[PDB]
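Take a look at this one chain, the form solved without the partner chain, written out in structure tokens.
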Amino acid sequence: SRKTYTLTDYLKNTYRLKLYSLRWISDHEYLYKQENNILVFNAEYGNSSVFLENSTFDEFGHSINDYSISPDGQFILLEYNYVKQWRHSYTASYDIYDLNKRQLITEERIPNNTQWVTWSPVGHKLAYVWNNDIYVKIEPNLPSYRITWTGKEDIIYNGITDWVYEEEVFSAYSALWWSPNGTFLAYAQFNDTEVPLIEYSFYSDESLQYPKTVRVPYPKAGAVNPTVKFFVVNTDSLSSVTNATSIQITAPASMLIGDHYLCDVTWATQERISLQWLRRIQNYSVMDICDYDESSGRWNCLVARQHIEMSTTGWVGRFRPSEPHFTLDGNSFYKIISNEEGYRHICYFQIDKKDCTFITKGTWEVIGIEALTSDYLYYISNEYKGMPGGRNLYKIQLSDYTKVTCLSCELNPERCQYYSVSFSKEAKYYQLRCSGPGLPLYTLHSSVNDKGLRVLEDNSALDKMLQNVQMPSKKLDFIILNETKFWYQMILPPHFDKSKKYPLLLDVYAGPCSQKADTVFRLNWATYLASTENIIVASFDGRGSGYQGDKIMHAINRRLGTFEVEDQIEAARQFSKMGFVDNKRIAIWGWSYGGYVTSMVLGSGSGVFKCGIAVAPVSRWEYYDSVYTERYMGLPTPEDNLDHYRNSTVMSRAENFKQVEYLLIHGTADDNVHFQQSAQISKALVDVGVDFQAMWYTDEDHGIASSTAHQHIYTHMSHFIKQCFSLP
């Protein structure tokens, strides 16, 4: 009974998930914005104060996008004039405020059109990047020191990533790393001199007479990559008239032999840096521990300490080699690594010793290492109840690896199966964050005697609202293929009736190490289709998917377009057998990798699906980026893997589309999956006499995220699906 979950409720966010976004500022305290105001909270006892009132800035002149307070409390960094760039990058204007004096510091100001700014870890030093160069202020009101002079637009980047490193290597614009002390400043420099440029039209506001041509350096499969060099600088010994001296750390000989990347940069102590490097053929990678030489002011990476990590059946790490977690003294670290049996588990490496020791073991995987103390290491894993799409905080006693204890598993079993965590420095307390299957739950806990301290947010409001609407439910089970277990989730219409046959939409991503089947609670498009339109929305993690070991993950190695397409079709074959699915009305849609998969499934000729939608699909792997594609496909050359590159295109299936109803959507300023890709789909479809539907979106990128265009696509897709199923 009641009204149902509508499209408008999704589009307009009629029902809102509250979060509790804190920021640990010490081992016992943490900032939280309680109604604009900024408060500090004491984790042990729970009291708080106002730290700063927004009324402070009422007459600042610009609206403030974000703020950053220094580690030592003395200053706050105000961010405004936010112009977004790519997924992680942006530009902005920065002012600084002295909290000890009720005033904005107004001289030697951070340049305008600054690309990035970071505090040091301790104190109030600043590093920022402007015009692709690094600058350093020992103090906020003093002049900065120029560190780099090499920086050129679109060509040489110091302290910031270029397009692929942001998107594919670091997941981050920044390429600076302060030492804990804040003494040394490490950075990386990228060279995109002969990296080819992707060009596209940006039409801009109606007022713009002549469209602009956006020109971004972007390596596609097999193309010329950027290069990299690594540098470290002693910010304590800088000078006014004399140029700062950057000391270059070089890659291992086994990297310089060809094209390589820098994938990880973790400082281990005040004078020891860990560097990780990765071959353009990404089955082999080398770590470097580099200690600073007190007297000769240099940095040495002894080859005997090099820790090689290598893959025999695929690529290294899930999306890249994992980060190392170092003990305070920095003579050893912990790391997620694939074991003898192909499952990712925590390993123990002592720095001058050969191999490593697995602490954890079993038919499940560690997702992440979350905290390390003298006594305990903390990690998330999907161990509990053998559910690959569940997540929980565990702690391993480092004196007895067989003493493992679930911290989050039995807290609230029915409501809570998907945890993430946020520890104070030194890990004296942590915030638990449950995402489902129930409404999200934010608690705080104490590590001494794993004590539950305080509920922070329980989403009780939302819970009351949602008791008032015909909400759908999620099934989360598995089916068998190849005598192997594969998990799926179905969102189910209210007042579900096994004795009736419902229409079925297949929500697909299926890119390598993905997982669309899980215990997480969402308010999304699928909620609407199920709630209001009474459509079963199904997701299925088959071959290539992630968090279930490497036998499954690497099945797709050098072979994208194969099994992970075939396994979606089988899942549908199975869902129709089930006697509550109208096999005449089975659709499929997906975004990005999802839409390359949708597209492939539609052009397979299986006859299972009536129709599908592909949004910003890939269509030819040679069109996508070098780092991601080559990780799974290798090089597109006759000596490497040219043939399956050319075999796994969407265009070469055009004819089969002649059997289905297809909707094709892409944005025109997609820097990431280029409109080129859809341009080629449509043309192949046209050259063969297939009618299909299409929709472009001016000036939208891969997220198609402007709110008008978000609302638009989901209306269009709703009409499309609704009428493909004959729904009113």
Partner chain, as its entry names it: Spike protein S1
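Positions refer to the first chain, counted from 1. The term rigid core refers to the maximal set of C-alpha atoms that superpose within 1.5 Å between the two forms.
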{"property": "Farther-lying stretch by C-alpha RMS in 6 other deposited structures of this protein, rigid core as reference, of 347 to 355 and 629 to 637", "result": "347 to 355"}
{"property": "Farther-lying stretch by C-alpha RMS in 6 other deposited structures of this protein, rigid core as reference, of 481 to 489 and 273 to 281", "result": "481 to 489"}
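One more form of this protein should be noted, the form deposited with the partner chain bound, which is absent from this view; the next part is about it.
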| item | value |
| --- | --- |
| Position in contact with the partner chain when the complex is considered in the bound PDB entry, options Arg558, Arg454, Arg415, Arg279, heavy atoms within 4.5 Å | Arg279 |
| Contact residue in the bound PDB entry, chosen from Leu328, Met465, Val303, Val83 - any heavy atom within 4.5 Å of the partner chain | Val303 |
| Non-hydrogen atom within 4.5 Å of the partner chain in the bound PDB entry for each of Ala251, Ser254 and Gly297 | yes |
| Partner proximity in the bound PDB entry: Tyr502 to the partner chain, non-hydrogen atom cutoff 4.5 Å | no |
| Close approach of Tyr94 to the partner chain in the bound PDB entry, 4.5 Å, heavy atom | no |
| 4.5 Å heavy atom contact, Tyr442 to the partner chain in the bound PDB entry | no |
| In the bound PDB entry, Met310 touching the partner chain (heavy atom, 4.5 Å) | yes |
| Option from 94 to 102, 357 to 365, 229 to 237, 421 to 429 whose residues, in the bound PDB entry, bring a heavy atom within 4.5 Å of the partner chain | 229 to 237 |
